[PDB]
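Protein chains in written order, with my numbering: chain V, 9 to 40; chain Y, 3 to 55.
Quick reminder that beta carbons are idealized off the backbone N, C-alpha and C, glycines included.
Here is the structure we will look at, set down as structure tokens.
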């Protein structure tokens with residue numbers, strides 16, 4: 009059963025084969 | 003080749019699968035454990051060398 013857990017945990021059958029946080033935030037500071 | 007019957011030996015015959023089952027988990031279960039670890043090595047090994055991690 010542990011070897012089957014290894015099979016499932018690593019997904020050698022590609023269980024997850026098929027599959028809007030933005031890295032940019034902008035801040036306004038105003039006039040110099 | 004000559005063959006005859008026995009009666010005390012034929013009280014409750016086991017099929018060959020039964021006779022194997024009577025000893026392979028009890029008297030010789032070290033072999034079964036050894037085989038299990040060999041099967042476990044094969045599954046982990048064959049997987050590790052073939053599939054993209």
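Proximal residues to residue i (C-beta, below 7 Å), its chain only, five neighbours per side dropped
i	result
residue 8 of chain Y	none
Beta carbon proximity, residue i to chain Y, threshold 9 Å
i	result
residue 38 of chain V	no
residue 18 of chain V	yes
residue 10 of chain V	yes
Neighbourhood of residue i by C-beta, 8 Å cutoff - its chain only, sequence neighbours within 5 removed
i	result
residue 39 of chain V	none
Any C-beta of chain V under 9 Å from that of residue i
i	result
residue 45 of chain Y	yes
residue 49 of chain Y	yes
residue 53 of chain Y	yes
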